[PDB]
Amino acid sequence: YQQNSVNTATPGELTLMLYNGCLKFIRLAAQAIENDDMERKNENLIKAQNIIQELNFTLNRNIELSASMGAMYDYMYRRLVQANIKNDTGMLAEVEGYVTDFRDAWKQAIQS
């Protein structure tokens, strides 16, 4: 159903799925904060954190670009944890902006 999509995706598309997934979970968490639903907020921020960690851990550190990507992922991870602790939707909008930057840029990059 969605199993097929991950298995037919190119490596570039798999990464793009992760960026889009991270955005979805951040947005779900921000709505849960507005709904005063701490339980749903946390579930979605943990899922967003886990995607950022997967991206970081699958960086090829032999490639020079990885250093700056990894520094951003480390910040984004810490900022999502702080947003969970502080119930701060402004921190979520901040990280949403960075992930959108990566996502939009990655989508252009995988064109060819």
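Residue positions are given as counts along the sequence shown, with the first one as 1.
Undergrad: Which is higher on mean Cα B factor in this entry, 8-16 or 84-92?
TA: For C-alpha atoms only, the mean B-factor is higher in 8-16.
Undergrad: Averaging C-alpha B-factors over each stretch, which comes out higher, 19-27 or 98-106?
TA: Looking at the record's C-alpha B-factors, the answer is 98-106.
Undergrad: For the listed 43, 74, 64, 54, which has the peak Cα B-factor recorded in the PDB entry?
TA: Among 43, 74, 64, 54, the highest C-alpha B-factor in the entry belongs to 64.
Undergrad: By the record's CA B-factor, is residue 48 among the lowest, middle or highest third of residues in the chain?
TA: For residue 48, the deposited C-alpha B-factor lands in the lowest third.
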